[PDB]
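Each residue of the sequence shown is one higher than the last, beginning at 120 in our numbering. Note that the Cβ used here is the ideal one computed from N, Cα and C, for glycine as well. Have a look at the structure below, then the notes.
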Amino acid sequence: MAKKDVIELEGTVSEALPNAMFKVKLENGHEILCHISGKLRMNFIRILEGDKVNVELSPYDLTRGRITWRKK
């Protein structure tokens, strides 16, 4: 009733913009938009651009992803 996975990749936050979102650059040289999830939010974190993070891309559009896990 709901089969669907995602592409977990690593990316470095290149910039941080309002709306609880930020820009991330992949080692491939490309860049993608990412949004924060409610999980890492519960952990209560405050990451700042320039930090590496894991980017989760959605099969709905490899143009946007989301950060749900940043290095310790």
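Secondary structure of residue i, DSSP reduced to three states
{"i": "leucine 159", "result": "helix"}
{"i": "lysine 122", "result": "coil"}
{"i": "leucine 176", "result": "strand"}
{"i": "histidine 149", "result": "coil"}
{"i": "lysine 171", "result": "strand"}
Exposed unless 16 or more other CB atoms sit within 10 angstroms - verdict on residue i
{"i": "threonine 187", "result": "buried"}
{"i": "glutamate 168", "result": "exposed"}
{"i": "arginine 160", "result": "exposed"}
For residue i, the first and last residue of its enclosing beta strand (DSSP E)
{"i": "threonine 182", "result": "Note, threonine 182: premise wrong, no beta strand (DSSP E); not H, not E."}
Cross-strand partners of residue i (DSSP beta bridge)
{"i": "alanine 135", "result": "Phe141"}
{"i": "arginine 165", "result": "DSSP, once it has assigned bridges, lists no residue as partnering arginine 165."}
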